[PDB]
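Student: There's a structure below that I have some questions on.
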Amino acid sequence: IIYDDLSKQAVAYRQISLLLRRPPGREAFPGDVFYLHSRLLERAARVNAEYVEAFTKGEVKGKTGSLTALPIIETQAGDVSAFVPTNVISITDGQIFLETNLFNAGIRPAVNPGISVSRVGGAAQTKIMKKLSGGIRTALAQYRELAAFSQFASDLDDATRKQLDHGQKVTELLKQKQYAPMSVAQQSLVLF
Amino acid sequence: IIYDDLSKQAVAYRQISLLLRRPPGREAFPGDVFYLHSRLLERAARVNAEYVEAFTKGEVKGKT
Amino acid sequence: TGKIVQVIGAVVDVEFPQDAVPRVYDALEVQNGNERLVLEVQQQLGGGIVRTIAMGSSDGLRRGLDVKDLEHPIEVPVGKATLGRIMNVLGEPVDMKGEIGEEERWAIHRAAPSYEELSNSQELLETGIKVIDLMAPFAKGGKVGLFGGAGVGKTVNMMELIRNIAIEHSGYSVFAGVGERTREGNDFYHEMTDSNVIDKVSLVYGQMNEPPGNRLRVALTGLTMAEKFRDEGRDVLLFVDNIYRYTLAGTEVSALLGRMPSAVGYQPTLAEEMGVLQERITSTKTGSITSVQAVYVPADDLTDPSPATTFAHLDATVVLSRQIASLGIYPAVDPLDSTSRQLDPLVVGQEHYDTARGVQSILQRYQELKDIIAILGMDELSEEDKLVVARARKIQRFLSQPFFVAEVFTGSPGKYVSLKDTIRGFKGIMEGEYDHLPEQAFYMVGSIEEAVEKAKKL
Amino acid sequence: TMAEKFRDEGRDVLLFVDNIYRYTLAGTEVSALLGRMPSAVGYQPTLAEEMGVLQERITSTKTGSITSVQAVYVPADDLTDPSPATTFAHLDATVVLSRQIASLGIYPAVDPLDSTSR
Amino acid sequence: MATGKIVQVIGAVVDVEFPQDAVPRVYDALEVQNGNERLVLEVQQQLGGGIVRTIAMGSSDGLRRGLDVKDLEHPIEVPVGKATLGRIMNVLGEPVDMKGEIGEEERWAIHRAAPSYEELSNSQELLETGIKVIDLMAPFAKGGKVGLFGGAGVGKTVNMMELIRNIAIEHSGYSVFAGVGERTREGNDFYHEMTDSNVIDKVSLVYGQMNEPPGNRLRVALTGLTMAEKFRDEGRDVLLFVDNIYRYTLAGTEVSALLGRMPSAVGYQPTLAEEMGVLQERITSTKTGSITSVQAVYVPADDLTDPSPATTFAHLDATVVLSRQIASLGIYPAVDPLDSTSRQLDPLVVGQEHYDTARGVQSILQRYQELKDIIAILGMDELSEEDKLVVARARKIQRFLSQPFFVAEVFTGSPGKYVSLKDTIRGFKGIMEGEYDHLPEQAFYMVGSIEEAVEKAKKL
Amino acid sequence: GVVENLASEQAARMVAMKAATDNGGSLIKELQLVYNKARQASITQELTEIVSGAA
Ligand SMILES: Nc1ncnc2c1ncn2[C@@H]1O[C@H](COP(=O)(O)OP(=O)(O)O)[C@@H](O)[C@H]1O
Ligand SMILES: Nc1ncnc2c1ncn2[C@@H]1O[C@H](COP(=O)(O)OP(=O)(O)O)[C@@H](O)[C@H]1O
Ligand SMILES: [Mg+2]
C-alpha cells in the first residue's frame, strides 16, 4: 500500500480539528495527530501462519500474510523538525531521503545514502544482494568522509585519490532512468 | 501627495488591531495589512475627461 | 423579511424567521443609503441567524435594516454575449456600454468535473520564450503558474504569453483580474481594443480597491465564464492575474467568521478553499481550458503555506526570483526550480530532454562552487571547474531575452525564438563550440546567430 | 512498579526503558488533549516534573538497587531540544552512537571520544 | 472618604469596584491601607460595571479583598523645583534618602501632553558640552536626544558627571538623573562619586531600580521627566539622564503582559512605539527653555533590528559609543571617533569648516586603522613615506582627543579644562593642515587647547 | 630563478589569504542579518501560536 502525502491527510485532519474548536497544538496541529498516523501505520504487519488459520477458520494453512506501507511525506525546505515529519519519522521502520541538490545535479533517483536507513537491513535481501551491498556501503562511506577534499582534489595523495575516484564511480553507477526496473540478477551483476 | 511613513501607519494599525484581539499573521501584522495600503494608494489615479465631466455635473469640459 | 443584527467589518449577521432561513451561498439584498448591497451567506448559525459577506462597501449599514432574501445564488451573465465586455463580480457591466444581452445566467458555485470526464493531452504548446519552453515546456490544455515575489516580472511574462499564444489562437479567451491594479486593467483593455482583438476576450475585474468579498468571488465569476465556453465544445484560454489574492481575501474574512487561526494566521480551510477552485479549471473530453496563473509568494518565502499548497495544482511551474532580476537578467526565471510534467524523453524527444538536463547540471555545479568562489576567490578553482563557471555564466546570460511588451522599458525590439532554434544554441554553448566569445555577447539576444553577430561589436 | 517490587525483596534488578523520547511525546500529547497552555517547543509545561517523577524512583536504596539503561532518540541530532536537554540532568553516563561509525562496519558503533561517565 | 473596595488581586494587578457614577478616570491614583502602611494604585483601564483595573506602585502582598480604597482625584503628583536638587526620590516623589522632607511648594502631575506644534523653538542651536571629542565628532543639538552605547569599565559614570558639572557651571542649567531599572550598587556608588565631587548640589536624583515592582520601573522615567519640565519652565537649559531606556521598554512589556494584552512584534507590547513616543516627545527645546537628554541604550542580542533598538533610534539625534580599546591605549574620554555619529554634522546646520574638519579627521583615522594592520603584519618600514606621515599625524590627532576633566583630577592630578568649540576646530585644522608637525605626539596628550600643546612641547 | 619564484609564491599566498580573511569577515555581516531575522520570526510565531491558541 502506498499512502500519497500523509502530509495532506494531516492537513485535512487539522482543518477538521480547528473547525470543531479542539485545543490547538504546535503549528495549530491537534494533539492526537501522532495517534492518527500511528494507528494507521501499525496495520502494515506480517502475520504468522497461525493467525491466518484462525482468521480464515482453517481454510488457508501454513501461509503468512503481509502488508507493506510506503507513506510519503513532504518537507518544506528540508526541515525534518516539523510536527508531521518528526512523528512519521519516529513511527516508521526506515527512511528514504530524497534531496533536491542531488536531483538537480543529475543523480536520479536522488536518494541520500548517508542519511537514509532501513532498520530491517540485510534480513530483507537475497543473499547475493546482501553479500554485494556490504562493499557499496563502505565505498560510499569512505567517499562521504573524503568528499570535503573533492574541491582540492589536485593536492591529494594518490592513495586517497583512488578512494575518491572509486566513490565517484559507484555514485555514478546508482543513477537510473524512470520506468526502467532491474531484475535482481541485473542489479547483482552491476554491483559485482 | 506624500505619505511620510506608510511603515508607521502599518504599526499604528497593528496596534489598533491587536488591542481588539484580532488574530495576527506574519510579523504579528493583521490579515488586512495589505488592504490597508491598497485602498489608500489605489486612489492616486488619473481620470479621463468623461469622469471629470460627470462628477462635476458638466462644469468642467475636456480636462483630466 | 430579515433584520441585520451585527456589522463587523465586511461580515454581516442577519436574523430571519425560523421557517425561512436562507440556504448557504444564497444571496441577500439590503439598501445601504442610496445604493443596493448584495450579501452572500456563508454560515447558518443557530436560531435563524445567518452570517454573510458583503459584496460592497460595508460602511453606512445600521443595525435593524430590512434585508430581502433572493432565493438563488449569485448568478452571472454567461456565453457569447459576454464577449469583449468588462464585468463585476456580480456580473454587472462595468464599462459604460449598455446591458449584456445574455440568454443564460449561471451560478458561480459549481462542482468540479467528474474524474470520468477528464482528458489528458501531450500536445506541446510553443511560446516565443527561450527559458520557459526549454526548462518548463507546457502543453495545450494544461495549467501553468508563474511564482515570484513582488516586482520580478510575473505580470510582464503573462502579457508576453498572451501576446504569443492568445492572438495566434482561434478560440475565445477569458481574463480574470483578481486583486491587482486598476491601472493595468485599463492598460490591457485599451491595448486589446486598439488591435481589434477585444471581441475575442471576456474580462472580469475585482481589482485591489474593492472590499474583500469582491476579490473573494471574482475568480469564481471568471471560471464560470470559462467553463461555459469549455462545455460549448470550444477550447479556451484562461488568464488569472493573481490567484494569491483569492486566498488573501479568505484570510482577511476568516477570523470574523469565527474560525480559529492556523499555521501563519491563515484560515483553517486554506487547502480546501484553494482546491475547490482549481479543480474546476481543467480540460475535459468535451473541451479544453489552457490556463496561465500568476502566483504571488509573500516576502519571497517559497515555503509560506499559500504557495506551498498551490504548487501541487499546476503542471508547469515557473519560479521567478529577485536575485536574478537584480542582475538585469529578464525574464528572471530560476532554471533550478522551474519544472514541467511535460519534460520527459517520450514527450519532448531525447535531444530536448538531454539539453535541458545538461543545463540544469551545469548551473547546479556552478551553484555548488559559489561559496568557495566567495571566500577564496576564483583563482583557486581547478582548470576543469573554471570552464564550468564560464559556461555556466554564458548560459545564465543566454536565458535572457527581449520581449515585445518590454520595449517600453529597454527600447530594444523584442524577439521570438523557436524551440528548434534554442535547443541548438544551448547544445552549442554546452558542447563548447562558442567557448571563445565574451559573456556580454549573450545578454538580451534572440538566437545564437545574434550573439555571434553581437560579439563583433563587443 | 515491577522493578520496585523486586527491589523491595533485596534484589538488584536492572530496568530497561526503550525510549525516553517517546515518553516525552506521550506526555506532550496527553497535555495537549487536556488543554493546558503549551511551553517552549510545544512541550507540556510539566515536562521536567514528569521526567523527575520517573527518574527519581530509580535509585539504589539500602535494601536493594535498581540500575537503569535508557535509550534516548536525539531528534535531528540537535542534542538541545527540551527532551534530551532535560534528560541529561539525571543520567550518570552517556554512550553516544554514530551512524558514521556504524556505516564503516564496526558495531557496537559507540563513539569512544564522545562517550563519558561520571 | 473612601468609596471603593478591592475585588481582585493577581500578582501586581488589583481590581477595585466603585459606585457607578464615581468611577475614577484613567491614570488617576488610588490608595489603600496595606496593613500599617498606605499603598498607591494607578488606574490602567476601566472595565464595565464600575470596576477599574489598576497596577500597584508597591508590593501587593497582604492585600485582602474588600479593603476600602480612597480615590485621589488626580494622577500621581511629585514635588518639583529648586527644592529637589541633591535629593533622592522614588517614583512617588518620596525622599528615599534619610535627610528628611523635601521642602517644595508646588507639585505637578506626571502625565502630561507634549508641547504643542507652535510652542517649539523656531531655531536650531547647539550645546557646547566642553568635551573635544563630542563637540567635534558628535555635536549635541539643544533639546535633542543622545544615545550612549558604551559598555562597562569605560567611564560612562564619569562622562555623565563631567556633563553635569559643565552644564551647571559653564551654563546656568540643572540636571535630572532618572534611574530606570538598574543595579542598586551602581546607584549607591554613583551617589557617592557625585557627593565627593561637589556636583551633587547640581543634580536631582530619582531612582527606581531592579528590585521594584513593574509599576515603579515604568513610571520613574516620567517622574524624572516631569521634574525636568519644571526646571524648563523657569527658562533654563536642562539635561536629563536616563539610566537605561531599554529597561523602560521592558517594564512596559511586563505591565502589558500583566494586563493580558495580545503580544506583538518579537515579544513586545503592542503599544511599543507609542509608549516610547509619549516619553521622547516631551524632551524638546521650547520657546522658553530646553531639555537635552543623554540616554544609555542597551541593544538586545547584539541586534540593531530588534524592535526596541529600532524604535529607540527613531528618536536619537546623536550617538556616542565608548570603546574599551581607546581606553586601553590610555585616552580618556574613551569615545570612538569612527562609530560616534550625529545627524547635526551637516554643513547646512554646523557650517562647512566644522563639517569638513570632522570628516577630515575621520578619514585620517580610518586610513590609519589599516595602515597599522599593514604595519602589524609586514613591519613598519614596509610602508610608503606618504603613509608614514599619515601615521605620524594620526597618532597626534588620536592623542589630542583626550581631555582632562574637572571630575578626573582625583585620578590625573592635572587641572580640568573646558575647551570651547572654536578651539577644537582650530587645533584639528592645524594638526591636519600640516602645522605643528615639529613637536612630539606626547605634547598633545591630555593637554586641552592646542595653544597648550605648544606650551607642553616647549618644556618637553 | 627558483628562489625568486619561491619568494613570489609566499608574497602571493599572503595577499590571497588577506583577501580571503576580509571576504569571510564581510560574509559574517550577512549571515548575522539572516540569523537575526530568523530569530525574530521564530519568537513571533511561537508566542502567537500560544496566545491565539489559548481560548
Ligand atoms: N523582459 C523584460 N525586460 C525589461 N524589464 C522587464 C522585463 N520583464 C520584467 N521587467 C521588469 O519587471 C518589473 C516588474 O514589473 P511587473 O512584472 O509588473 O511586477 P510584478 O511581478 O508585481 O507583476 C518592471 O518594472 C520591468 O522593468
Ligand atoms: N577622564 C578620566 N580620567 C582618568 N580616569 C578615568 C577617566 N574616565 C574614566 N577613568 C577610569 O576608568 C575607570 C572606569 O570606572 P567607572 O566609570 O566606574 O566604570 P563605568 O564607567 O563602566 O561605570 C575608572 O576607574 C577611572 O579610573
Ligand atoms: Mg504584477
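Quick note on naming: the chains in the C-alpha cells go A, B, ... in the order shown, residues restart at 1 in each chain, and ligands are numbered from 1 in order of appearance.
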I want to know what sits within 9 Å of residue E:272, based on only C-alpha atoms, with residues of the same chain fewer than 6 positions away left out; could you give that as JSON, numbers by chain?
Tutor: {"B": [15], "E": [249, 252, 253, 264, 307, 308, 311]}
Student: Pull C-alpha atoms from the residues just selected and write them as a short mmCIF file (atom, residue, chain, number, x, y, z; two decimals), in the first residue's frame.
Tutor:
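This is the output file result_17.cif:
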data_model
loop_
_atom_site.label_atom_id
_atom_site.label_comp_id
_atom_site.auth_asym_id
_atom_site.auth_seq_id
_atom_site.Cartn_x
_atom_site.Cartn_y
_atom_site.Cartn_z
CA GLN B 15 -1.65 48.45 17.49
CA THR E 249 10.69 49.37 27.40
CA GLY E 252 6.12 48.30 29.85
CA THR E 253 6.28 44.86 28.30
CA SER E 264 3.11 41.88 19.06
CA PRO E 307 12.01 46.26 17.77
CA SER E 308 13.29 48.07 20.84
CA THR E 311 12.08 52.08 17.90
#
Student: Could I get the residue neighbourhood of ligand 3 at 10 Å, counting only C-alpha atoms and all ligand atoms, as a list in words?
Tutor: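 Taking only C-alpha atoms and all ligand atoms into account, the residues around ligand 3 at most 10 Å away are residues 148, 149, 150, 151, 152, 153, 154, 155, 156, 157, 158, 159, 180, 181, 184, 241, 242, 294, 295 and 296 of chain C.
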Student: To check your reading of the model: which residues sit at most 9 Å from ligand 2 when counting only C-alpha atoms and all ligand atoms? Write the answer as a ChimeraX atom specification.
Tutor: /E:150-160,162,186,189-190,193,327,330-334,402-412
Student: May I have the selected residues written with N, CA, C and O atoms, as a short mmCIF file (atom, residue, chain, number, x, y, z; two decimals), in the first residue's frame?
Tutor:
data_model
loop_
_atom_site.label_atom_id
_atom_site.label_comp_id
_atom_site.auth_asym_id
_atom_site.auth_seq_id
_atom_site.Cartn_x
_atom_site.Cartn_y
_atom_site.Cartn_z
N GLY E 150 28.13 52.92 25.05
CA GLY E 150 29.27 52.30 25.67
C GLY E 150 28.87 51.17 26.59
O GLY E 150 27.72 51.04 27.01
N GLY E 151 29.85 50.33 26.92
CA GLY E 151 29.61 49.18 27.76
C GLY E 151 29.93 49.42 29.22
O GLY E 151 29.29 50.26 29.86
N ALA E 152 30.91 48.70 29.76
CA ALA E 152 31.29 48.82 31.16
C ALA E 152 32.80 48.94 31.28
O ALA E 152 33.56 48.42 30.45
N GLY E 153 33.25 49.61 32.34
CA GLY E 153 34.66 49.82 32.52
C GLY E 153 35.26 50.83 31.57
O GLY E 153 36.47 50.83 31.37
N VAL E 154 34.44 51.70 30.99
CA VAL E 154 34.90 52.68 30.02
C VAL E 154 34.71 54.11 30.49
O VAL E 154 35.21 55.03 29.84
N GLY E 155 34.00 54.33 31.59
CA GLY E 155 33.86 55.65 32.16
C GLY E 155 32.53 56.32 31.97
O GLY E 155 32.46 57.55 32.05
N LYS E 156 31.46 55.57 31.73
CA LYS E 156 30.17 56.19 31.49
C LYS E 156 29.79 57.12 32.63
O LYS E 156 29.32 58.24 32.41
N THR E 157 30.01 56.68 33.87
CA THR E 157 29.57 57.49 35.00
C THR E 157 30.37 58.77 35.12
O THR E 157 29.82 59.82 35.47
N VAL E 158 31.66 58.74 34.80
CA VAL E 158 32.45 59.96 34.91
C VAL E 158 32.17 60.89 33.73
O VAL E 158 32.22 62.11 33.89
N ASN E 159 31.84 60.34 32.56
CA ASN E 159 31.36 61.19 31.47
C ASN E 159 30.08 61.90 31.87
O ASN E 159 29.91 63.09 31.62
N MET E 160 29.15 61.16 32.49
CA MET E 160 27.92 61.78 32.95
C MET E 160 28.20 62.86 33.97
O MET E 160 27.60 63.94 33.93
N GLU E 162 30.91 64.65 34.24
CA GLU E 162 31.52 65.80 33.59
C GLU E 162 30.48 66.62 32.85
O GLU E 162 30.52 67.85 32.88
N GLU E 186 25.27 50.28 41.69
CA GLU E 186 25.69 51.41 40.89
C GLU E 186 25.00 52.69 41.32
O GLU E 186 25.63 53.75 41.30
N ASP E 189 26.91 53.87 44.55
CA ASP E 189 28.25 54.36 44.31
C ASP E 189 28.28 55.55 43.37
O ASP E 189 29.22 56.33 43.42
N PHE E 190 27.23 55.74 42.57
CA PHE E 190 27.08 56.98 41.82
C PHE E 190 26.74 58.13 42.75
O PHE E 190 27.32 59.22 42.65
N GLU E 193 30.13 58.89 44.33
CA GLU E 193 31.05 59.53 43.41
C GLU E 193 30.63 60.95 43.07
O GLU E 193 31.47 61.75 42.68
N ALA E 327 40.30 53.29 25.61
CA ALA E 327 40.74 53.41 26.99
C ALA E 327 42.06 52.67 27.22
O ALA E 327 42.97 53.20 27.87
N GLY E 330 44.95 54.40 26.76
CA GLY E 330 45.10 55.41 27.78
C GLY E 330 44.42 56.73 27.51
O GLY E 330 44.63 57.67 28.27
N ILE E 331 43.62 56.82 26.45
CA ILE E 331 42.98 58.07 26.06
C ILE E 331 41.62 58.15 26.76
O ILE E 331 40.77 57.27 26.57
N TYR E 332 41.42 59.19 27.55
CA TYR E 332 40.18 59.39 28.27
C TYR E 332 39.70 60.82 28.03
O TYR E 332 40.47 61.76 28.23
N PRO E 333 38.44 61.02 27.61
CA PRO E 333 37.33 60.10 27.42
C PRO E 333 37.58 59.06 26.34
O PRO E 333 38.42 59.27 25.48
N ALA E 334 36.85 57.95 26.40
CA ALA E 334 37.11 56.80 25.56
C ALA E 334 36.19 56.74 24.34
O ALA E 334 35.88 55.65 23.86
N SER E 402 42.06 63.31 23.74
CA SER E 402 41.97 63.21 25.19
C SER E 402 41.70 64.57 25.79
O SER E 402 41.92 65.61 25.16
N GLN E 403 41.22 64.57 27.03
CA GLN E 403 40.99 65.82 27.73
C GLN E 403 41.00 65.56 29.23
O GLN E 403 40.63 64.47 29.66
N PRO E 404 41.46 66.52 30.03
CA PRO E 404 41.33 66.38 31.48
C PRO E 404 40.05 66.99 32.02
O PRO E 404 39.77 68.17 31.76
N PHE E 405 39.28 66.23 32.78
CA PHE E 405 38.02 66.72 33.34
C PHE E 405 38.25 67.32 34.72
O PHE E 405 39.18 66.95 35.43
N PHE E 406 37.39 68.27 35.09
CA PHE E 406 37.36 68.73 36.47
C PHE E 406 37.01 67.60 37.42
O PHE E 406 37.34 67.67 38.61
N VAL E 407 36.34 66.56 36.93
CA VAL E 407 35.96 65.44 37.77
C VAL E 407 37.08 64.42 37.88
O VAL E 407 37.11 63.65 38.85
N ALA E 408 37.99 64.38 36.92
CA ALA E 408 39.04 63.37 36.87
C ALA E 408 40.32 63.82 37.56
O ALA E 408 41.30 63.06 37.58
N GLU E 409 40.35 65.03 38.12
CA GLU E 409 41.54 65.50 38.81
C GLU E 409 41.99 64.49 39.85
O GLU E 409 43.20 64.33 40.09
N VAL E 410 41.05 63.79 40.47
CA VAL E 410 41.38 62.83 41.52
C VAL E 410 42.13 61.62 41.00
O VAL E 410 42.67 60.85 41.79
N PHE E 411 42.18 61.44 39.68
CA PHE E 411 43.00 60.40 39.07
C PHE E 411 44.22 60.96 38.38
O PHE E 411 45.33 60.47 38.59
N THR E 412 44.05 62.00 37.56
CA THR E 412 45.16 62.53 36.78
C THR E 412 45.98 63.57 37.52
O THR E 412 47.17 63.73 37.23
#
Student: Residues of stretch 143-383 of chain C in strand (DSSP E or B) according to DSSP, as a VMD selection string?
Tutor: chain C and resid 143 to 148 173 to 178 201 to 206 235 to 240 284 287 to 296 316 to 320 333 339 to 340
Student: Please check the contacts: residues of chain B at most 12 Å away from chain F, using only C-alpha atoms, listed as a list in words.
Tutor: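 Result: residues 18, 21, 22, 23, 24, 25, 26, 27, 28, 29 and 30 of chain B.
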Student: Include N, CA and C atoms and write out the residues we just selected as a compact mmCIF listing (two decimals), in the first residue's frame.
Tutor:
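File produced: result32.txt:
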# COMPACT_ATOMS: atom_id res chain seq x y z
N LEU B 18 -4.45 44.78 17.33
CA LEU B 18 -4.15 43.88 18.44
C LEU B 18 -4.91 44.27 19.69
N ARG B 21 -7.99 42.31 19.87
CA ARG B 21 -7.85 40.86 19.96
C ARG B 21 -8.06 40.18 18.62
N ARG B 22 -7.62 40.81 17.54
CA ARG B 22 -7.79 40.21 16.23
C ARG B 22 -6.60 39.30 15.92
N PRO B 23 -6.83 38.06 15.52
CA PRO B 23 -5.72 37.14 15.26
C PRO B 23 -4.72 37.73 14.27
N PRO B 24 -3.45 37.84 14.65
CA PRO B 24 -2.44 38.39 13.75
C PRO B 24 -1.87 37.34 12.81
N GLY B 25 -1.14 37.84 11.81
CA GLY B 25 -0.49 36.98 10.84
C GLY B 25 1.02 37.02 10.92
N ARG B 26 1.66 37.24 9.77
CA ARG B 26 3.11 37.26 9.71
C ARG B 26 3.65 38.53 10.35
N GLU B 27 4.78 38.40 11.04
CA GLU B 27 5.36 39.52 11.79
C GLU B 27 4.33 40.22 12.66
N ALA B 28 3.32 39.49 13.10
CA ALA B 28 2.29 39.99 14.00
C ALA B 28 1.41 41.05 13.36
N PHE B 29 1.57 41.30 12.06
CA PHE B 29 0.67 42.22 11.38
C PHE B 29 -0.67 41.55 11.13
N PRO B 30 -1.75 42.32 11.08
CA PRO B 30 -3.06 41.71 10.86
C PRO B 30 -3.17 41.12 9.47
